[PDB]
Amino acid sequence: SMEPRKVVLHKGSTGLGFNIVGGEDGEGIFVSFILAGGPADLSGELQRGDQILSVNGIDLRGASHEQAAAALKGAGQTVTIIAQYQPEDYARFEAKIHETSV
């Protein structure tokens, strides 16, 4: 896999400009969506399938969705993220089956 790297964003009128998923069913925290024109987009330094490993020194390896949301939303505007591209893990995540007709 690609090595983790540091990404620094400055929140604005729509926050950091991305969505997270995961932190449930034993899964990591993933970037699911990047808002066109938002800070994440304009930076060019985050993409869908990045795993969020830490936020302002808060370790989100193994974090719940709630813990990750609290770290990201509770942060002030300058957010220092350690992210790692995890395309295969994310692809699996997105294909998981949640409802089955029997």
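Side notes on the structure shown:
- Relative to the longest principal axis of the Cα atoms of the chain, helix 65-74 runs at roughly 10 degrees.
- Using C-alpha pairs under 8 Å with a sequence gap of at least 6, the mean separation divided by the residue count of the chain gives a relative contact order of 34 percent.
- Straight-line cross-link reach from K73 at under 17 Å between alpha-carbon atoms covers these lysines, not counting any fewer than eight positions away in the same chain: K11.
We did not get these values from a lab; they are worked out from the coordinates using the rules stated.
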